[PDB]
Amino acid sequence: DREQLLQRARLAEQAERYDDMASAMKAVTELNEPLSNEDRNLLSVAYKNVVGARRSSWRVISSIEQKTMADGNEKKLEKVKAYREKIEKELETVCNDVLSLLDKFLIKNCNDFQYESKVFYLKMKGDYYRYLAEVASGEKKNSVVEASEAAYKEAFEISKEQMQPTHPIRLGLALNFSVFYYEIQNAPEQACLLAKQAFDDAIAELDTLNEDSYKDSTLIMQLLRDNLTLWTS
């Protein structure tokens, strides 16, 4: 039952039990019925925390593997590599579950005209391919990098076409898409110009600010700004 599952996700969130939460929102998604805005954000939050634990864990254990190489301890490096790889398959499994939800229900069942959801899901596809790229190697890396950028491109094309420059979903897309360029594609200039164009474009049209989302718009504008001043300086 859908309301049962949604009540569970809400309780899980407050309990900070993000596997329970992701597990309930996966079940909601598999009901093959549209998600509302709030339902979508519950899905996003759940999986952000789930994948985020693995991303953090992974960066800690990669640091150690670097410090073990420099040390020359070859026995330690063998087990530290194996654990990094254990964490990696977990991370990949979470990303693949999300991507499959997007592919098999969310983006699939989107009609042309549900532009708000479409952008949201394609950015999300952009995000999880970006998390795969973070840990991918080689030919696998180039495939998930390409998929991330194609998803982000489509989302952003639709968003410029259908959304005001201050819509938070557009601003948050611009934000994550610039971060793709900065840290995945290592295009500092392309990253900076994209974040800069979205900021400029939002303030030109401050009049478009909205009673129910003005806080979020201005929030993400500041985050664009922060990356800009960090990147350029």
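Residue positions are given as counts along the sequence shown, with the first one as 1.
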For the stretches 110-118 and 96-104, which has the higher mean C-alpha B-factor as given in the deposited record?
110-118
Ranked C-alpha temperature factor of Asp71 among modelled chain residues, by third:
highest
Chain thirds by Cα B factor, record data; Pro188 belongs to the highest
Entry-reported C-alpha B-factor of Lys79 relative to its chain, by third, is middle
Just say lowest, middle or highest third for the CA B-factor of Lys160 relative to the other modelled residues in its chain.
highest
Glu205's Cα B-factor: lowest, middle or highest third of the chain?
highest
